[PDB]
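Written below as structure tokens is the structure these notes are about.
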Amino acid sequence: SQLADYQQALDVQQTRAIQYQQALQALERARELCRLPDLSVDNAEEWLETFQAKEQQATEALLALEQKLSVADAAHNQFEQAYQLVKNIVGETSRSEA
Amino acid sequence: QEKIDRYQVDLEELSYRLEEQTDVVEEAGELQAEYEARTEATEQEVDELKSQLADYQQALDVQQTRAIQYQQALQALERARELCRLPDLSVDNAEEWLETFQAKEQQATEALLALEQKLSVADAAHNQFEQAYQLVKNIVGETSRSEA
Amino acid sequence: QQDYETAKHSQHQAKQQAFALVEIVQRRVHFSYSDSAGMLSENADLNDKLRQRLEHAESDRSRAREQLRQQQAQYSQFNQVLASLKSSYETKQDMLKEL
Amino acid sequence: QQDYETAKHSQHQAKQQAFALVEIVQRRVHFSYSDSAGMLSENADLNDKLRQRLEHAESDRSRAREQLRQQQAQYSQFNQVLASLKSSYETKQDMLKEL
């Protein structure tokens with residue numbers, strides 16, 4: 001279309017050049033946030049999938065942490081009653097092993 | 001003896017069904033190949049028209065003289081006047097508007113990430129809820145989530 | 001998910017708006033010589049008629065592609081039911097000879 | 001609670017870093033515009049550079065079309081053999097039920 005419509009007068013070329021500067025600016029911002037001075041458009045997918053796995057581990061972990069904090073609302077009496085019930089059945093056991 | 005006869009009749013019926021589907025597949029294959037040649041011919045026609053248009057304009061658009069170049073700045077400014085709710089937008093005050101809209105863009109990314117953290121834990125929690133529900137359905141069959 | 005989708009649309013519009021403002025800043029130098037002028041529309045008639053024939057060809061190419069994709073789809077389902085029939089016939093034949 | 005607030009802060013670090021890298025993945029096509037930026041710096045007749053960039057793109061597109069055609073044929077063949085196995089399982093299952 002640029003070759004057929006040369007009356008376009010480099011407007012798309014200016015847009016593509018400004019987009020190239022925007023791509024370079026974004027890459028520099030990512031090298032700073034990720035602290036990776038050694039980076040390229042061709043190998044950035046390797047660090048992205050690595051950090052996606054890191055984010056998946058953080059979200060999957062934090063999900064289990066959210067369920068644990070949600071059940072932690074139970075008062076002191078339920079823990080004591082359950083712990084003493086186990087101790088009366090099996091004998092002395094640690095609270096962690098109960 | 002009757003079972004062998006029934007299987008022979010089933011093979012005759014399957015042969016009739018095969019003949020009908022082979023005829024349908026052959027007609028569909030001819031239409032597919034004809035539409036392929038026609039579609040490739042439409043891209044070839046589009047490329048021929050684009051190339052002939054390029055060849056025809058060669059002497060017209062080469063002598064641009066850097067005079068028809070500023071209208072692009074005017075069109076960019078006008079495009080921004082519709083896209084950005086700023087009827088008074090001028091190339092002079094566009095720097096204050098640029099930093100003001102960049103502030104809105106970073107605020108939008110921060111709000112997007114803030115929503116994304118809760119969204120990720122919620123989507124995964126629903127995936128485990130669905131897994132528990134599928135496991136219950138595989139073991140007993142249909143039942144409500146309240147009964148799960 | 002609806003709120004995050006709305007936030008993603010809002011972010012896309014904000015990014016597009018910020019980019020339109022960056023283009024104005026880059027084009028301030030081009031606006032400086034806005035007093036200049038030159039020749040235009042000498043051979044515009046044939047160029048516009050040829051552009052219209054090209055739009056007809058691109059729209060017809062779009063129709064041609066749509067008819068091509070839907071035909072590939074029905075042909076694939078026809079080939080799939082035919083392959084299902086072939087295997088059913090072959091296995092029923094193998095079972096008749098086994099019987 | 002101390003370990004959990006630390007996990008929440010760690011999740012924010014991962015989200016901002018991944019978001020930045022994801023933006024560069026969207027900008028993948030924009031890095032190819034380095035030729036367009038060099039072309040823009042010509043400031044004179046450049047139709048030869050435009051045609052050279054296009055011929056390279058035509059060569060890449062033709063190789064991609066051939067690659068797509070042979071993969072589509074291979075995928076269709078794999079789809080017909082899969083359907084042949086499905087139909088063979090159905091006839092073997094019906095024969096088991098009949099027996």
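Each chain in the structure tokens gets a letter, A, B and so on, in the order shown; residues start at 1 in every chain, and ligands are counted from 1 in the order they appear.
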Least-squares fitting of chain C onto chain D across all Cα atoms, taken in order, gives an RMSD of 12.1 Å
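Contact shell of region 43-48 of chain B at 8 Å (only C-alpha atoms; same-chain neighbours under 3 positions omitted): residues 39, 40, 51 and 52 of chain B; 54, 57, 58 and 61 of chain C.
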Just the selected residues (N, CA and C atoms), exported as a PDB file, in the first residue's frame, please.
ATOM      1  N   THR B  39      -9.311 -17.793  -5.125  1.00  0.00           N
ATOM      2  CA  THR B  39      -8.833 -16.899  -4.070  1.00  0.00           C
ATOM      3  C   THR B  39      -7.415 -16.442  -4.381  1.00  0.00           C
ATOM      4  N   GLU B  40      -6.510 -17.362  -4.720  1.00  0.00           N
ATOM      5  CA  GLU B  40      -5.144 -16.998  -5.121  1.00  0.00           C
ATOM      6  C   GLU B  40      -5.206 -16.027  -6.315  1.00  0.00           C
ATOM      7  N   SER B  51       0.499  -3.031  -7.994  1.00  0.00           N
ATOM      8  CA  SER B  51       1.722  -2.808  -8.772  1.00  0.00           C
ATOM      9  C   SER B  51       1.480  -1.826  -9.927  1.00  0.00           C
ATOM     10  N   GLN B  52       0.375  -1.959 -10.666  1.00  0.00           N
ATOM     11  CA  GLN B  52       0.059  -1.044 -11.768  1.00  0.00           C
ATOM     12  C   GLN B  52      -0.206   0.373 -11.237  1.00  0.00           C
TER      13      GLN B  52
ATOM     14  N   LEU C  54      -9.218  -1.349  -7.152  1.00  0.00           N
ATOM     15  CA  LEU C  54      -8.420  -2.078  -6.172  1.00  0.00           C
ATOM     16  C   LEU C  54      -9.255  -2.369  -4.910  1.00  0.00           C
ATOM     17  N   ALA C  57     -11.379  -5.164  -5.808  1.00  0.00           N
ATOM     18  CA  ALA C  57     -10.575  -6.378  -5.796  1.00  0.00           C
ATOM     19  C   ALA C  57     -10.282  -6.854  -4.360  1.00  0.00           C
ATOM     20  N   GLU C  58      -9.954  -5.962  -3.417  1.00  0.00           N
ATOM     21  CA  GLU C  58      -9.700  -6.319  -2.014  1.00  0.00           C
ATOM     22  C   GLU C  58     -10.971  -6.824  -1.312  1.00  0.00           C
ATOM     23  N   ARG C  61     -11.598 -10.163  -2.807  1.00  0.00           N
ATOM     24  CA  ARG C  61     -10.590 -11.063  -2.215  1.00  0.00           C
ATOM     25  C   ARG C  61     -11.067 -11.484  -0.829  1.00  0.00           C
TER      26      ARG C  61
END
Given only C-alpha atoms as the basis, pick out the residue of D:13, D:68, D:45, D:21 nearest to chain B. D:45
Test item: chain B residues at most 7 Å from chain C, counting only C-alpha atoms, as a short mmCIF file (atom, residue, chain, number, x, y, z; two decimals) with C-alpha atoms, in the first residue's frame:
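In the end it all went to result-v9.cif:
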data_model
loop_
_atom_site.label_atom_id
_atom_site.label_comp_id
_atom_site.auth_asym_id
_atom_site.auth_seq_id
_atom_site.Cartn_x
_atom_site.Cartn_y
_atom_site.Cartn_z
CA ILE B 4 -23.07 -63.18 9.29
CA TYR B 7 -23.23 -58.06 9.13
CA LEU B 11 -21.65 -53.75 5.10
CA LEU B 14 -22.15 -48.86 5.02
CA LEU B 18 -19.55 -44.58 1.85
CA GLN B 21 -19.98 -39.50 1.42
CA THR B 22 -17.30 -40.14 -1.30
CA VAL B 25 -16.21 -35.32 -0.47
CA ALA B 28 -16.51 -30.58 -1.82
CA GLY B 29 -12.84 -31.18 -2.89
CA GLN B 32 -12.33 -26.37 -2.40
CA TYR B 35 -12.12 -21.65 -4.53
CA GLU B 36 -8.34 -21.97 -3.78
CA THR B 39 -8.83 -16.90 -4.07
CA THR B 42 -8.05 -12.58 -6.29
CA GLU B 43 -4.78 -11.94 -4.35
CA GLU B 45 -5.47 -9.45 -9.14
CA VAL B 46 -5.13 -7.27 -5.98
CA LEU B 49 -3.72 -3.60 -9.39
CA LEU B 53 -1.08 1.80 -9.42
CA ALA B 67 5.72 21.24 1.13
CA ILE B 68 2.94 18.55 1.38
CA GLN B 69 4.65 17.18 4.58
CA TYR B 70 3.08 19.52 7.26
CA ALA B 73 1.10 17.19 11.47
CA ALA B 76 -2.23 14.00 13.58
CA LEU B 77 -3.41 17.03 15.63
CA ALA B 80 -5.86 13.73 18.55
CA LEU B 83 -9.45 10.82 20.25
CA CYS B 84 -8.61 13.13 23.23
CA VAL B 91 0.81 21.93 19.32
CA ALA B 94 0.14 19.53 23.80
CA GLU B 95 3.21 18.98 26.10
CA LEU B 98 1.00 14.66 26.98
CA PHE B 101 -2.43 11.76 29.74
CA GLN B 102 0.79 9.80 30.59
CA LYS B 104 -3.70 8.70 33.42
CA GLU B 105 -1.99 5.83 31.48
CA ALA B 108 -4.63 2.78 34.43
CA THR B 109 -1.69 0.25 34.47
CA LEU B 112 -5.10 -2.93 36.00
CA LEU B 115 -7.35 -5.81 39.78
CA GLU B 116 -5.12 -8.56 38.19
CA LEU B 119 -8.37 -11.76 39.56
#
Could you please select, counting only C-alpha atoms, the residues of chain A within 12 Å of chain C and state them as a PDB file with C-alpha atoms, in the first residue's frame?
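Heads up, here's the output in result.pdb:
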ATOM      1  CA  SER A   1       0.000   0.000   0.000  1.00  0.00           C
ATOM      2  CA  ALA A   4       1.074   1.884  -4.554  1.00  0.00           C
ATOM      3  CA  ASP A   5      -0.015   5.059  -2.640  1.00  0.00           C
ATOM      4  CA  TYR A   6       3.295   7.034  -2.509  1.00  0.00           C
ATOM      5  CA  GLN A   7       1.065  10.158  -1.883  1.00  0.00           C
ATOM      6  CA  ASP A  11       3.285   9.482   7.382  1.00  0.00           C
ATOM      7  CA  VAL A  12       3.250   5.703   8.091  1.00  0.00           C
ATOM      8  CA  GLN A  14       7.078   8.508  10.759  1.00  0.00           C
ATOM      9  CA  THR A  15       4.465   6.485  12.731  1.00  0.00           C
ATOM     10  CA  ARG A  16       6.652   3.308  12.418  1.00  0.00           C
ATOM     11  CA  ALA A  17       9.811   5.273  13.405  1.00  0.00           C
ATOM     12  CA  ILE A  18       8.046   6.778  16.508  1.00  0.00           C
ATOM     13  CA  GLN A  19       6.758   3.218  17.302  1.00  0.00           C
ATOM     14  CA  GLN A  21      11.509   4.676  19.518  1.00  0.00           C
ATOM     15  CA  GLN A  22       8.530   3.619  21.761  1.00  0.00           C
TER      16      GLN A  22
END
Find the residues of chain B in contact range of chain A, meaning any atom within 10 Å when counting only C-alpha atoms, and list them as a PyMOL selection string. chain B and resi 47+49-58+60-62+64+66+68-69+71-73+75-76+117-118+120-122+124-125
Check the DSSP output for the backbone and give back, as a VMD selection string, the residues of chain A in helix (DSSP H, G or I). chain A and resid 6 to 8 11 to 33 44 to 71 76 to 90
Written file, previous selection with C-alpha atoms, as a PDB file, in the first residue's frame:
ATOM      1  CA  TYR A   6       3.295   7.034  -2.509  1.00  0.00           C
ATOM      2  CA  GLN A   7       1.065  10.158  -1.883  1.00  0.00           C
ATOM      3  CA  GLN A   8       0.968   8.691   1.717  1.00  0.00           C
ATOM      4  CA  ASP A  11       3.285   9.482   7.382  1.00  0.00           C
ATOM      5  CA  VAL A  12       3.250   5.703   8.091  1.00  0.00           C
ATOM      6  CA  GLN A  13       7.111   5.745   8.065  1.00  0.00           C
ATOM      7  CA  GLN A  14       7.078   8.508  10.759  1.00  0.00           C
ATOM      8  CA  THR A  15       4.465   6.485  12.731  1.00  0.00           C
ATOM      9  CA  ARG A  16       6.652   3.308  12.418  1.00  0.00           C
ATOM     10  CA  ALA A  17       9.811   5.273  13.405  1.00  0.00           C
ATOM     11  CA  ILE A  18       8.046   6.778  16.508  1.00  0.00           C
ATOM     12  CA  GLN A  19       6.758   3.218  17.302  1.00  0.00           C
ATOM     13  CA  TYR A  20      10.412   1.972  16.984  1.00  0.00           C
ATOM     14  CA  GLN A  21      11.509   4.676  19.518  1.00  0.00           C
ATOM     15  CA  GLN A  22       8.530   3.619  21.761  1.00  0.00           C
ATOM     16  CA  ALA A  23       9.672  -0.046  21.496  1.00  0.00           C
ATOM     17  CA  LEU A  24      13.277   0.944  22.432  1.00  0.00           C
ATOM     18  CA  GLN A  25      11.962   3.110  25.346  1.00  0.00           C
ATOM     19  CA  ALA A  26       9.777   0.197  26.603  1.00  0.00           C
ATOM     20  CA  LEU A  27      12.739  -2.252  26.366  1.00  0.00           C
ATOM     21  CA  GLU A  28      14.938   0.165  28.400  1.00  0.00           C
ATOM     22  CA  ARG A  29      12.126   0.470  31.032  1.00  0.00           C
ATOM     23  CA  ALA A  30      11.859  -3.362  31.216  1.00  0.00           C
ATOM     24  CA  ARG A  31      15.703  -3.738  31.550  1.00  0.00           C
ATOM     25  CA  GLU A  32      15.468  -1.336  34.553  1.00  0.00           C
ATOM     26  CA  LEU A  33      12.397  -2.938  36.290  1.00  0.00           C
ATOM     27  CA  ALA A  44      13.048 -11.672  26.141  1.00  0.00           C
ATOM     28  CA  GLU A  45      10.446 -14.516  25.810  1.00  0.00           C
ATOM     29  CA  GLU A  46      12.780 -16.787  27.900  1.00  0.00           C
ATOM     30  CA  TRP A  47      12.892 -14.301  30.810  1.00  0.00           C
ATOM     31  CA  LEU A  48       9.135 -13.612  30.373  1.00  0.00           C
ATOM     32  CA  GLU A  49       8.177 -17.341  30.658  1.00  0.00           C
ATOM     33  CA  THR A  50      10.627 -17.619  33.631  1.00  0.00           C
ATOM     34  CA  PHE A  51       8.954 -14.645  35.399  1.00  0.00           C
ATOM     35  CA  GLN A  52       5.471 -15.983  34.380  1.00  0.00           C
ATOM     36  CA  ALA A  53       6.414 -19.248  36.200  1.00  0.00           C
ATOM     37  CA  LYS A  54       7.644 -17.076  39.170  1.00  0.00           C
ATOM     38  CA  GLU A  55       4.286 -15.185  39.150  1.00  0.00           C
ATOM     39  CA  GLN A  56       2.343 -18.501  38.882  1.00  0.00           C
ATOM     40  CA  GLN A  57       4.307 -19.844  41.908  1.00  0.00           C
ATOM     41  CA  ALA A  58       3.608 -16.563  43.821  1.00  0.00           C
ATOM     42  CA  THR A  59      -0.181 -16.594  42.971  1.00  0.00           C
ATOM     43  CA  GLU A  60      -0.653 -20.389  43.579  1.00  0.00           C
ATOM     44  CA  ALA A  61       1.250 -20.076  46.896  1.00  0.00           C
ATOM     45  CA  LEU A  62      -0.689 -16.912  47.971  1.00  0.00           C
ATOM     46  CA  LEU A  63      -4.000 -18.682  47.100  1.00  0.00           C
ATOM     47  CA  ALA A  64      -3.212 -21.435  49.657  1.00  0.00           C
ATOM     48  CA  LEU A  65      -2.064 -18.657  52.074  1.00  0.00           C
ATOM     49  CA  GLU A  66      -5.454 -16.827  51.595  1.00  0.00           C
ATOM     50  CA  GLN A  67      -7.396 -20.047  52.454  1.00  0.00           C
ATOM     51  CA  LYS A  68      -5.137 -20.571  55.548  1.00  0.00           C
ATOM     52  CA  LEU A  69      -5.577 -16.940  56.754  1.00  0.00           C
ATOM     53  CA  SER A  70      -9.372 -17.255  56.133  1.00  0.00           C
ATOM     54  CA  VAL A  71      -9.648 -20.377  58.415  1.00  0.00           C
ATOM     55  CA  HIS A  76      -8.663 -20.001  70.879  1.00  0.00           C
ATOM     56  CA  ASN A  77     -11.241 -22.458  72.343  1.00  0.00           C
ATOM     57  CA  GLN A  78     -11.651 -24.597  69.136  1.00  0.00           C
ATOM     58  CA  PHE A  79      -7.863 -25.256  68.951  1.00  0.00           C
ATOM     59  CA  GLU A  80      -7.681 -26.241  72.653  1.00  0.00           C
ATOM     60  CA  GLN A  81     -10.812 -28.481  72.459  1.00  0.00           C
ATOM     61  CA  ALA A  82      -9.498 -30.262  69.293  1.00  0.00           C
ATOM     62  CA  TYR A  83      -5.934 -30.589  70.735  1.00  0.00           C
ATOM     63  CA  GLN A  84      -7.181 -32.001  74.084  1.00  0.00           C
ATOM     64  CA  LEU A  85      -9.493 -34.448  72.207  1.00  0.00           C
ATOM     65  CA  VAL A  86      -6.501 -35.825  70.166  1.00  0.00           C
ATOM     66  CA  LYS A  87      -4.304 -35.965  73.345  1.00  0.00           C
ATOM     67  CA  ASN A  88      -7.058 -37.872  75.256  1.00  0.00           C
ATOM     68  CA  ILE A  89      -7.326 -40.467  72.391  1.00  0.00           C
ATOM     69  CA  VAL A  90      -3.602 -40.983  71.394  1.00  0.00           C
TER      70      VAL A  90
END
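CA of residue 141 (chain B) to CA of residue 126 (chain B) spans 19.7 Å [interatomic distance, one decimal].
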